[PDB]
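What follows is a single chain, given as structure tokens, in the form deposited in one PDB entry.
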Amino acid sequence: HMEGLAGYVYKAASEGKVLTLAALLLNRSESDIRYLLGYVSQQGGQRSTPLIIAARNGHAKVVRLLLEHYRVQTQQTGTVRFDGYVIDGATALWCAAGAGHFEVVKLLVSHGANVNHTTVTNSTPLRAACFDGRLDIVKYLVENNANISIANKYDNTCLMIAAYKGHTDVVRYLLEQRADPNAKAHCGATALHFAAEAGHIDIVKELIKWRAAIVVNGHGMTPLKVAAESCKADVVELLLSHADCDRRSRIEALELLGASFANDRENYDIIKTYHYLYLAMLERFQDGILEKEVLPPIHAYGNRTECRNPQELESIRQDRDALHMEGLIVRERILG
């Protein structure tokens, strides 16, 4: 019964106990040793191999011994648990990149591991490191020909996932490494959209610095409207100090931004509501004008109607409750 004996090998590899592992695979023939080291074991909800689990747990010593003396392939595929989620198609490399085991990653590429291996979802180990934000790994993977153009199943680039996760220092690195800033996911989204909605004011600036294009995401919105809808005012001012539409895109962002100050405790502030929405109306009433196409009074948000004139809006810096309903009403004109 060699079944459970390969488990003791799996435990010792995961446990990092190199001597316990070293001693298990000694007076064993090559028939045996190849089986025990390539055995796929189920740890509750995790199927891996002694190499994979040891690299997944940052056990450098154990990862060294398997590659040098015992010459175990790095092609080996497994399914590991991370973040609570389950990933399939992971090499010992990929687990080590996502976990941020710097020395272990170097160990595997040093001993010939595919740096552009694709998980089932087509996530390069480089993508993993760009989620975790280990610049050391990212600089190292790129320096070993890991291709930054490889994207996940949904055309989500390492640049995007980084601009999402706030990893400013790596977004600068990928851009310096000539990562295409105008990538588009199936969502029709760009690294800008991800950063705009997320409020990563620094990353937005870098994308700006790298002549990133203003795309309207595949489902209706520019990164200006996305940041306004996500109520990230910092990003909206920075983005508005560049181009847009004449007054359409610009008054939309302001109206929308003030309107998002009516929804959820993201900064649920009506003082910043009146501020941005009154600004927006001013930019409409200069000469003559930018007409307001106001939706009909409906049973839901009270039978109110959007303010058309600045005079109608000037009458509500007081009366808090009416301002709240205005946010809902306008958010319905610009979105629906």
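Only the largest set of C-alpha atoms that superpose within 1.5 Å between the two forms is called the rigid core. Position 1 is the first residue in the sequence shown; the rest follow in order.
One more form of this protein exists, namely the form deposited in another entry; it is left out here, but the text below deals with it.
Among the candidates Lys61, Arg28, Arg304, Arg34, displacement between the shown form and the other one reaches 2 angstroms at the C-alpha for one position only, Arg304 (superposition on the rigid core). With the core held fixed, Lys17 shows a CA shift below 2 Å between the shown form and the other one. Once both forms are fitted on their rigid core, the CA atom of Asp155 lies less than 2 Å apart between the shown form and the other one. Taking 2 Å as the criterion, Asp136 does not count as shifted between the shown form and the other one: its C-alpha moves by less than this amount when the rigid core is aligned. The Cα-Cα distance between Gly302 and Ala233 is lengthened by 3 Å or more in the other entry relative to the form shown here.
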